[PDB]
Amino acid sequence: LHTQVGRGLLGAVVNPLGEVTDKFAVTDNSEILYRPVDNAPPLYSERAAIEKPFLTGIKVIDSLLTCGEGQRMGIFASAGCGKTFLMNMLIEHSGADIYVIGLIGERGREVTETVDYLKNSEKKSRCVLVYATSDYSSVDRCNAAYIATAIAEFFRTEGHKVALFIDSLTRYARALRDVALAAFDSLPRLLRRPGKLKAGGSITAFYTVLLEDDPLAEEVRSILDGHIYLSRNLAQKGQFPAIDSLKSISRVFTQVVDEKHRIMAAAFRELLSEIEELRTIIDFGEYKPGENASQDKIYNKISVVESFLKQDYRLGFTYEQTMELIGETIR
């Protein structure tokens, strides 16, 4: 019911009991205080309006799915669609003050992969990892999500721009459903706790949701402020990040970017729609070059559009670089 918080947890690996079992980085700060893990979300008049963008360094996200400070964003994918690689890029190329990762329901080797990744990370000195392996009970797995949230909430009250990752909301939902055997709706209460405080910092949250052969993922689609969809089709095609920008949305998009940006984004999204229409025409074998000038114009832009959407996972792009690239693509 209470947990460790503080700068002394930066670089530490926290188990579902709130104890430090490993370290991926050592910090000079030893600040350790204790806060309740269950805490009420901020009432609406303490919450600020999401106005400032949360830059991620990922081109398609920063251009067409621009995240905001205090926003809650879902990552819908079917493992393995590169959900872990996408969150690695989100931690690498964003500019948050502090990163809090919560690995819920991972089987056991998976957690060691991320701790090894944090050991060689640029952001190692600003990360806190909370984990709950598949061997822990369901009670411990739900406490993992709330320990991670409470750790992020303390940094937000200190004024820090925090980024919280919950992987995954689905295995967290299984654990809550399993706990329900003891004689369902703690999920929304958690998913409200992020946000930007008028009197403090912010928590920008990323929740992963595992898809494939969910009925209630449509309601968690209804509670968040946008969702990023990783298409198994595009991953097999060889395009990473395999984000389907046409099936993704950031509901705060028009509030966090200027009009210059809105016009460029709208033009790119229709260019993508025309590209997909031409893909259906090509697969039908009814496309012959020189027959239709508009189809030839769109065809010759397929390559530059694919080049803009792709991104080396070791590379990050500033906002100016992103808008410059998408501008040349629309020309």
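So that there is no doubt, residue numbering starts at 1 and follows the sequence shown.
Trainee: Our gap detector needs a label for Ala183 to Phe184. Which class matches the unmodelled residues of the deposited sequence there: none, 1 to 3, 4 to 9, or 10 or more?
Mentor: Gap size class: 10 or more residues without coordinates, per the record.
Trainee: Pick one of none, 1 to 3, 4 to 9 or 10 or more for the number of deposited-sequence residues not modelled between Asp213 and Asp214.
Mentor: According to the record, 4 to 9 deposited residues lack coordinates from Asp213 to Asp214.
Trainee: Select between 243-251 and 169-177 the stretch whose C-alpha atoms have the higher average B-factor in the entry.
Mentor: Taking the mean C-alpha B-factor of 243-251 and of 169-177, the larger value falls to 169-177.
Trainee: Which of the two stretches, 219-227 or 124-132, shows the higher mean Cα temperature factor in the record?
Mentor: That would be 219-227.
Trainee: Name the one of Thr66, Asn300, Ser273, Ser30 with the greatest CA B-factor according to the PDB entry.
Mentor: The record points to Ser30.
Trainee: Of the options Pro53, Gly57, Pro289, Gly285, which has the highest CA B factor as deposited?
Mentor: Going by the entry's C-alpha B-factors, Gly285 comes out highest.
Trainee: Which third, lowest, middle or highest, does the CA B-factor of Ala40 fall in along this chain?
Mentor: Tercile = highest for this residue's CA B-factor.
Trainee: Would you check the entry's CA temperature factor for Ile91 and let me know if it's in the chain's lowest, middle or highest third?
Mentor: It falls in the bottom third of the chain.
Trainee: Split into thirds by Cα B-factor across the chain's modelled residues, where does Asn233 land: lowest, middle or highest?
Mentor: For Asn233, the deposited C-alpha B-factor lands in the highest third.
Trainee: Splitting the chain's C-alpha B-factors into thirds, which one does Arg109 fall into?
Mentor: It falls in the top third of the chain.
Trainee: Lowest, middle or highest third: where is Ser202 by C-alpha B factor in its chain?
Mentor: Its C-alpha B-factor, which the entry lists for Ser202, ranks in the lowest third among residues of this chain.
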